[PDB]
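In structure tokens, the next block holds one chain alone, the form deposited in one PDB entry.
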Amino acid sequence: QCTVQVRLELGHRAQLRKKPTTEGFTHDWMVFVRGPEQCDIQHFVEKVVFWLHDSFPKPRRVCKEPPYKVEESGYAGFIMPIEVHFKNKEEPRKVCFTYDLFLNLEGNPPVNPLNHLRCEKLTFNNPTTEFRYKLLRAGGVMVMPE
């Protein structure tokens, strides 16, 4: 009957520090989840959970409000599970991403910042009328059902 698609942007910035920290952290980085352009995903996003590498203290980082982001320093890239939880009461209650937080991009001088963007399109089949309105308030659109 109804299919709603909405877009999320997942990304990160990393840059070599001008001097490593006392712990040996060589890079500063920031990972985020956000709407495209003008789109406010807080209409349908309850919270975003970033699962950091267990070298980091309290590695389950939660943002219940924008900005959905984590900013840290470190010495190596790692795989970061990210959960985007929705303001809905039916499945899917969340979407699980596995984000590659890398500190080096070949072709980029390490002194220069790196920026990576991942554009993810979410598809919701037969959402509740409430959730449909939240999705559309966040830039979602209805498309050919299924």
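The first residue of the sequence shown is number 1, and the count goes up from there. Each form is matched to the other, and the largest set of C-alpha atoms that superpose within 1.5 Å is called the rigid core.
The same protein also has a form deposited in another entry, omitted here; what follows describes it.
Asks: If you fit the rigid core and then compare C-alpha positions between this form and the one not shown, only one of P67, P110, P36, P92 moves by 2 Å or more. Name it.
Replies: After core superposition, the single residue displaced by 2 Å or more is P110.
Asks: If the C-alpha spacing of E106 and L10 moves by 3 Å or more in that other deposited form, is that a move closer or farther apart?
Replies: Result: farther.
Asks: I want to verify one pair: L117 and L105. Are their C-alpha atoms nearer or more distant in that other deposited form compared with the form I supplied, knowing the change is 3 Å or more?
Replies: Residues separate in that other deposited form, at least 3 Å farther apart.
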